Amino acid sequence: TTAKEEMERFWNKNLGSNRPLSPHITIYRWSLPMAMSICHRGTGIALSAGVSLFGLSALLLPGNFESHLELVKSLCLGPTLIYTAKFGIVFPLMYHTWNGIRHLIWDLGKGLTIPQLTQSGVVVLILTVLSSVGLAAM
């Protein structure tokens, strides 16, 4: 019996059976390293949606960009609400960027101990807030 055959017999057995899956997300303990990886996917997906919506609307929608800015100027009567737009835009970008560096450092083989994950993770978190508040006011 080969390794490839053992896998086919594993799947043919268990799918055609009434065996339940043991719970996974429902039961598993949340850790900072873990929560931060999901965020990197989330921020990734969100930032792609941003770029794609911005690009497609440069093809599907009429009028120039400055024309569309005059449309944002019209709606608004709010001062700090513009900052909230800027903070909400820049927040996911900064997060993904910093944590991206952390990912690239990992790919080099460095910083892969559990204590280091907590440290590097916290430094990323603190760096996001600062550069997000930092950029929002420009």
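So that the term is clear: the rigid core is the largest set of C-alpha atoms that superpose within 1.5 Å between two forms. A residue's number is simply how far along the shown sequence it sits, counting from 1.
Asks: Quick check: by Cα RMS after rigid core superposition, does 58-66 or 74-82 differ more from this form in 5 other deposited structures of this protein?
Replies: Higher root mean square deviation of C-alphas in 5 other deposited structures of this protein is shown by 74-82.
Asks: If you average the CA temperature factors as listed in the entry, which stretch comes out higher, 76-84 or 53-61?
Replies: Mean C-alpha B-factor is greater for 76-84.
Asks: Higher average CA B factor in the deposited record is what I'm after, so tell me if that's 40-48 or 64-72.
Replies: Here the higher of the two C-alpha B-factor means belongs to 64-72.
Asks: For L15, does the deposited CA B-factor place it in the lowest, middle or highest third of the chain?
Replies: Highest third of the chain for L15's C-alpha B-factor.
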